[PDB]
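> structural data only, the sequence is not supplied:
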Ligand SMILES: [Ca+2]
Ligand SMILES: [Ca+2]
Ligand SMILES: [Ca+2]
Ligand SMILES: [Ca+2]
């Protein structure tokens, strides 16, 4: 027998008490290449993979529920498929800084774990990694969301086709409970090539021009966004030179003739999840202009 | 000292040995309503939520890595916010069949756990559930992907605005290791209202017409797909009656005047992730036609 | 007891992937596991309605020269419903293996181990424990003639006589058929995106669970609409390895196909005819 | 030792959400936790560069009549970077609470507990342990004047003198500014989707990390382009509760704003001016 109050009180009991930790692990292919005989000149950077949960598929999904993750174990396997008579050499190693962009044989052998071997032999690279707790959501500083990157370079000239596959065996612990939308979980990518407005087409441009191993082998229909604005020289149609400012790109698949592919600029309307295309570039007697400089950061924004 | 073979052998060691089980749990709001005074007539089905990992947000993400899940514990809390002088009553209960569509007070009280209470009191519904292992990927039979659904009905007429919130406290074990794309993890939805071709507009139609509590409170820009084809009567433009066949819809948000909203038919191009709109419906002296019958299953296909 | 245990080793399937064809990802066998596919068990199943899997292993068995230098990934996906052939999906499964084309390997899956039906039905999670997919991981240098063997043991439960056209696995489309992809009388099998359909022999007949609408004309500038439920496979060759499908009428009594009406395209609006996830049972006898 | 421990209880913020305004989801306080926001700690932080959090709890404290019958959800999100105010996001955090508007509650978060900086910097995961968001869960019947209190203890490490305009939390845009949303001289604050900006007082000045391009004309039918880096908040009222922003020039020496050029729209192609994730620091003194 209790009295009738003005208002009863809340009985929302179990709240805010979600599962906290998960250890989780597996083995994931982190890249695959195929090199035709002539290609594979000394030093050709066959692979460069920045490690982030997202790259390890199974992990990538779990990481959308917690805010931190910390690496407990990593190894990579190299496992090219090729017969004994191939006379080329590779060198792999895990660079513990995810920002480091200089890929030389010399800079890998320097890394702990680094391996060197003729194409017909497999190899295991037991690297050195942070084992501290990084973040699952991408951020401004990369040093905090990734433990480093795995690169593999050619060492001689392959006599024949090389079918390399590079597997990463991982185990990791997810620390903090939270809900992270799949847009923010993507890894940022730095260009290593200047985009001139003399090197253009009316509505697109080459992906090899940007000089980035990820953006080169990036998939189709894939909407990106940039930190730096893109300057498009358009016209009213009186011979008039006007100026347009777009922030977003769209990847189109490449060719056997054009290894890397295209990139159509435009507008990524996020409220409605759609992608408009960008205005007709006005070819003109306009002074030469770098529209996007070396080091432009491109972060994937569309639904994954 | 080993000899040089024709081909060395594979050294892909740790493969196919991923993490297998995860227990995981939390508490999630499963719906929220607000009922203005007049609304809330006896029996008004205020809530009807089919339970699936996806509905429990944190869980929904983990479920994309395993193939089965099995429920270890469930309770729901009811927790309306309203002051003591509101004189209306509700009745909640968890229907252990996810297909059961008859929502009567009588059919809830029948369920184990079911509760009855005036709006100003909170309640906990400790239900009966399968505790067997269901599947995370949606399938043809629903009985196998969901343990049932939680419905809440009005019991009198609310004198005042009712702000109910319904929280589900869950704990579940994910059984089987695998990678499931977010398109297949969505829950299917059955319409409970016939769509006549007399009740139409040139390019859209009402969402209340379908008579489905989910499709009514479904979000904006949300592309669906159907099991049954949709028959659109179009024209060549000579007074000609031609026939068109579309499989896909698009949700547009609703009004204070139109509670539920619109639905624009069309084409969901999945290769490229885009949505074209459907042709101008030809209004004509055409015999009355049910385009989509009661019980049409609508499964969400766009990126989540 | 009334239950019958049966065990054996049997070839699930055999592909030849010729020289140079095939590239990372190329699905070289995609086999939905049901007793019909397992030869000796095939006949045992025709007798009872229900089977349950006791043991399952696949032994991969590829045949090529030692210098072949390609590669494959194999594994067993437990969801006969899951329709995702990517490497990533496979590498996620238990059992999964990777090797060079000259190396046999044994995949050791995990499977339902519960009581399933012999004859096909709506929900195919009760007809099958899963499916095995084997993919290319590189480009194969040589002709490889891969023969995937399955060692199996099972328990068969209630005696029955089973119609053999019913025992077969339903095949699902992976790609949409658009109206603007139809030729006058046929279309390319590859459009449907399905390896089992692409490799189904010449003259296979399939029933669809969704209507195939064919716009046609009398030749008066007048567009009319027809409906069809059956396809006939016309074999693929070097020029068109996927082959072709003609729509038409399957007569179930006489077991004969009659080709349907010609497609007439006349300024029609864009249309989806056969959405992805269209189900295609083999109805013709084998 | 050189390190200084300091503890107190302080009001993080105070909102009034008036009668009938506010609906499930409506963010009523979104406060990025940095020492400036915590009053007494505010001054302590101006002296050292580095602080570390020892204890943190927020006590919610809403004030209304007992018959108010709305509701709120509160919680503390550990990622100053994470920009997601939904209930689902909050309910996922540790500490999270729910109550009727007349009930105080105490959120008990989990936080970084590591060594952070006092002055703002590029990566704001080193300036803050996270942010607290409190949302509506129903429609509030009455005026509620919620005052959220924080009991805190901290360790301050290296002595320093700190510029107070630098100590402030950067605010991030949640919505894009489109060119076709500009008025001649201003635009509506609500377009940027940010509660802290929407409630920033009249006359607040903000610097952007991205250029605001303004197309203008001389009045000859000739379109020209200007660039601006500063905004001034013009206070919101009942008709436009979010208020408005004028672009222009902030003079950092004289601490004065000069309004910029008028926007001229003349058959321009669709453009994104300020994409979502544009960063907006408070530069004007307080
Ligand atoms: Ca985060
Ligand atoms: Ca599945
Ligand atoms: Ca049977
Ligand atoms: Ca400082």
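Cool, got the structure. Numbers count the residues shown, from 1 in each chain, chains lettered A, B, ... in the order given. Ligands and ions are numbered 1, 2, ... in the order given.

> and the gap between the residue lying closest to residue A:22 once chain neighbours are set aside and chain B?
The shortest distance from residue A:22 to any non-neighbouring residue, by Cβ to Cβ, 6 or more residues apart in numbering or on different chains, is to residue A:174 (4.8 Å). (C-beta placed from N, C-alpha, C; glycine too.) Going from residue A:174 to chain B by Cβ to the nearest Cβ, to the nearest Å gives 10 Å.

> would you confirm that residue A:174 contacts residue A:62?
Yes - in terms of Cβ atoms under 8 Å, residue A:174 counts as a neighbour of residue A:62; the distance is 6.0 Å.

> between those two, what contacts are shared?
Taking Cβ atoms under 8 Å, 6 or more residues apart in numbering or on different chains as the criterion, residue A:174 and residue A:62 both touch A:22, A:24.

> what ranges do the helices span in chain A?
Secondary structure of chain A by DSSP state H: the helices cover A:57-62, A:105-109, A:213-216.

> returning to what we had before: burial count for the residue nearest to residue A:22?
When neighbours are counted by other Cβ atoms under 10 Å in any protein chain shown, residue A:174 registers 24.

> who does it bridge with?
Per DSSP bridges, the residues bridged to residue A:174 are residue A:22, residue A:69.

> how about TSV for the helices of chain A, with mean neighbour count and distance to residue B:20 added?
Shown next, in TSV, are the helices of chain A (neighbours: other Cβ atoms under 10 Å in any protein chain shown; distance: least, Cβ to Cβ, whole Å):
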stretch	mean neighbour count	distance to residue B:20
helix A:57-62	23	11
helix A:105-109	15	35
helix A:213-216	18	32
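
> the ones you listed: which one's closest to residue A:198?
Closest to residue A:198 of the helices of chain A, according to Cβ to Cβ: helix A:213-216, at 20.2 Å.

> contact partners of the closest one?
A:45, A:47-48, A:50, A:189, A:191, A:207-208, A:210, A:251, A:254, A:259-261, A:263, A:298.

> ditto for stretch A:114-130
Defining contact as Cβ under 8 Å, 6+ apart, one finds that stretch A:114-130 is touched by A:71, A:74-80, A:82-94, A:96, A:108-109, A:111-113, A:147-148, A:150, A:155, A:158, A:162, A:164, B:7-8, B:10-12.

> who's in contact with residue A:203?
By Cβ under 8 Å, 6+ apart, the contact set of residue A:203 is A:264-265, A:277-278, A:280-281.

> can you rerun that using 7 Å?
When contacts are counted by Cβ atoms under 7 Å, 6 or more residues apart in numbering or on different chains, residue A:203 touches A:264, A:277-278, A:280-281.

> likewise residue A:98?
A:50, A:142-143, A:146, A:148-149.

> wait, residue A:207 touches residue A:260, no?
Yes - at 3.9 Å, residue A:207 counts as touching residue A:260 under the criterion of Cβ atoms under 7 Å.

> quick check: neighbours shared by the two?
Taking Cβ under 7 Å, 6+ apart as the criterion, residue A:207 and residue A:260 both touch A:216, A:254.

> thinking again about what came up before, let's have the helices of chain A in TSV, adding distance to residue A:135.
Shown next, in TSV, are those (distance: least, Cβ to Cβ, whole Å):
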stretch	distance to residue A:135
helix A:57-62	14
helix A:105-109	26
helix A:213-216	20
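
> and those helices as a markdown table, adding distance to ligand 4?
As requested, these are exported to a markdown table (distance: least, Cβ to the ion, whole Å):
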| stretch | distance to ligand 4 |
| --- | --- |
| helix A:57-62 | 36 |
| helix A:105-109 | 34 |
| helix A:213-216 | 35 |
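
> can you tell which of the ones you listed is closest to ligand 2?
Closest of the helices of chain A to ligand 2 is helix A:57-62, at 13.1 Å (criterion: Cβ to the ion).

> what comes into contact with the closest one?
A:22, A:24, A:26, A:28, A:53-54, A:170, A:172, A:174, B:18, B:61-62, B:64-65, B:179, C:88, C:92.

> what is the distance between that helix and the centre of its chain?
15 Å (Cα atoms, centre = their mean, to the nearest Å).

> what does the stretch 1-150 of chain A put close to chain D?
Contact residues (Cβ under 7 Å from any Cβ of the partner chain) of the stretch 1-150 of chain A with chain D: A:6-7, A:9-10, A:12, A:15-16, A:18, A:67, A:135, A:137, A:139-141, A:144.

> rerun at 6 Å
Within the stretch 1-150 of chain A, the positions near chain D by Cβ under 6 Å from any Cβ of the partner chain are A:6-7, A:10, A:12, A:15-16, A:67, A:137, A:139-141.

> among the contacts of residue A:98, pick out the one closest to ligand 4, please.
residue A:143 (19.7 Å).

> number of nearby residues for the closest one?
By other Cβ under 10 Å, 14 other residues sit near residue A:143.

> what residues does it make contact with?
By Cβ atoms under 6 Å, 6 or more residues apart in numbering or on different chains, residue A:143 lies in contact with nothing.

> show me the contacts for the residue nearest to residue A:22.
By Cβ under 6 Å, 6+ apart, the residues touching residue A:174 are A:22, A:62, A:66, A:69.

> and residue A:276, what does it touch?
Contacts of residue A:276 (Cβ under 6 Å, 6+ apart): A:266-267.

> please repeat the previous calculation with a cut-off of 7 Å.
By Cβ under 7 Å, 6+ apart, the contact set of residue A:276 is A:266-267, A:269, D:270.

> mind listing the residues bridging to it?
Counting by DSSP bridges, the residues bridging with residue A:276 are residue A:267.

> picking up where we left off before, just the buried ones from the residues of the stretch 1-150 of chain A next to chain D?
Neighbour-count burial (16 or more other Cβ atoms under 10 Å in any protein chain shown) is assigned, among the residues of the stretch 1-150 of chain A next to chain D, to A:7, A:10, A:12, A:15-16, A:67, A:137, A:139-141.

> out of residue A:207 and residue A:260, which sits in the busier spot?
Using other Cβ under 10 Å, the more surrounded residue of residue A:207 and residue A:260 is residue A:207, with 24 against 21.

> tell me who's in contact with the more buried one.
For residue A:207, counting by Cβ under 7 Å, 6+ apart, the contacting residues are A:215-216, A:254, A:260-263.

> any idea how far ligand 1 is from residue A:140?
To ligand 1, residue A:140 is 13 Å away according to Cβ to the ion, to the nearest Å.

> check contacts around that residue.
The contact partners of residue A:140, taken as Cβ under 7 Å, 6+ apart, are D:122-123.

> burial measure for residue A:157, as a count.
Counted with other Cβ under 10 Å, residues neighbouring residue A:157 total 16.

> leaving aside the residues next to it on the chain, what's closest to residue A:45?
Of all residues not flanking residue A:45 in the chain, residue A:103 sits nearest, at 4.9 Å (Cβ to Cβ, 6+ apart).
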